[PDB]
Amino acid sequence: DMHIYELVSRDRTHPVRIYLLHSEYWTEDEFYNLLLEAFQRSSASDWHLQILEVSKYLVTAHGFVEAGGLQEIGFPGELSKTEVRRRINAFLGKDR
């Protein structure tokens, strides 16, 4: 039962999202503490670059594996199966 750890570099037009996987659960505090650890062997760059370094350290030092990305599909819970199917068909066009 794997767990997902995301690191975000916030930006107006060029945000960075890194999704890491681990087989174990890390509490939020443990998670933050991991970044402090990374902060010791990495350069003093700004976050948009530092995020890359922290990711590299979690992977090498603690067994996180980087995922290729995340795709999402959402609907209101109240939405009938017919309207869901409606919305999906409209989205798919001829790729059905």
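Just count from 1 along the sequence shown to find any residue number.
request  = With reference to the PDB entry, specify whether the mean Cα temperature factor is higher for 22-30 or for 56-64.
outcome  = For C-alpha atoms only, the mean B-factor is higher in 56-64.
ask   = So 8-16 or 83-91, which one's hotter by mean CA B-factor in the entry?
value = Looking at the record's C-alpha B-factors, the answer is 8-16.
Among modelled residues of the same chain, the CA temperature factor third for residue 35 = For residue 35, the deposited C-alpha B-factor lands in the middle third.
key: Relative C-alpha B-factor of residue 70, binned into the chain's lowest, middle or highest third   = It falls in the bottom third of the chain.
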